[PDB]
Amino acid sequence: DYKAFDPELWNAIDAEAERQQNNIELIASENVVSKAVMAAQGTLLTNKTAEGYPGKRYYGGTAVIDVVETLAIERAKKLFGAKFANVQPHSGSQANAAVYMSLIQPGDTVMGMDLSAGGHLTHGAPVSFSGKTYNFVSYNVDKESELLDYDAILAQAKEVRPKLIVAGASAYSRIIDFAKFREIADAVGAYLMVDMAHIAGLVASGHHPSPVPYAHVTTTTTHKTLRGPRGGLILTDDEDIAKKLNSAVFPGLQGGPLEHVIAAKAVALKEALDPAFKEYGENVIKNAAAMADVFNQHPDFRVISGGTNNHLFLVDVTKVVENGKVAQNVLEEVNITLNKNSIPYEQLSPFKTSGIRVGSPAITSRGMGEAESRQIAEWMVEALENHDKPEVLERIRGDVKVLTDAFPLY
């Protein structure tokens, strides 16, 4: 029993398999992967170094590695309708780094969705390599609708004359019109890159329009809505861009890939090609809307853009607690995890933020429904109304456990 050898490691791996139990996970990014996926990542493909690409390895003994990677690649092309997939990127951050390195030059101009409006760090935060290597200019949503204004974005693109437009977000509730993004890119001579990391399982379930026919390159995490292992993926229909991408990922940015995690990508993409995955995304879409109803109705709150068509939404809580930092602090005490989150034209300071962010793929994968979500969101509006009242927060927490117990995990 290897567990005997290292007791205090495998008993932190237990405080966690239980912290995941008695937690209500509403962090929009999170999910719960199959046993098939977790098992694949724990194979002895972690012993084999496979630098290069299938039938183009640096070394031999890579025949069987080539079969497994080729599956991931083909299942990705199939699921997303792309002519080329690269499955080696270690993360979404590496996937995106490889695209910048393939299409543009150090110092070129890049338009990205602002980190207020829900851009990733790697869509131009000055802390990130993205922000330091290239000249990132953000676009926002409209101040009153909180929707993408494609006319606004065009005018800005015409003045800024970016080489690359990144679309995709971590905090945007509504359907992105990728045909309009490609039309804006085309109007100014820019490449379009769509980071679909948040919506990729919705793109796979048929519930969100695919960026793949409109983006020059589409990047994604294989985790989040797509509910695969942590890692990255690049898709393109353009064979020249494919060649630059492949060269950018290896040996441009990376060495040997994590063939065990690639095995786990092949698995997650078979599960996403399953009819059952449409049900899942349908259930993801409702559970998020159900949950979102509750904040709209309540007078002191406000679901952002008045609602959601994907797996998530924001909320302005600055009428009920000092800031979203506080709102978040409060809700942990009750066994509810989600995140402080800027909101369009953020009032407060970055560390504080005017409100929270919710999503539904985690609770949805734990097999929960519309009742549960409404329930959870009442518990939230409750807890934030009564942030100063620990008898209350204690009563809510007893109840959170009622439900966590009720619904399992594996």
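Sequential numbering from 1, following the sequence displayed.
When the two stretches 261-269 and 85-93 are set side by side, the higher mean Cα temperature factor goes to 261-269. Once the C-alpha B-factors are averaged per stretch, 11-19 and 391-399 rank with 391-399 first. Between the residues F313, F181, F301, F136, it is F301 that shows the highest Cα B-factor in the PDB record. Per the deposited coordinates, the residue with the largest Cα temperature factor out of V321, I176, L71, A190 is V321. The PDB entry assigns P106 a C-alpha temperature factor belonging to the middle third of its chain's modelled residues.
Annotation for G359: C-alpha temperature factor in the lowest third relative to the rest of the modelled chain, per the entry. Sorting the modelled residues of the chain by their CA temperature factor places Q254 in the lowest third. Among the modelled residues of its chain, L79 has a C-alpha B-factor that falls in the lowest third, as given in the PDB entry. Sort the chain's modelled residues by C-alpha temperature factor and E279 lands in the middle third, per the entry.
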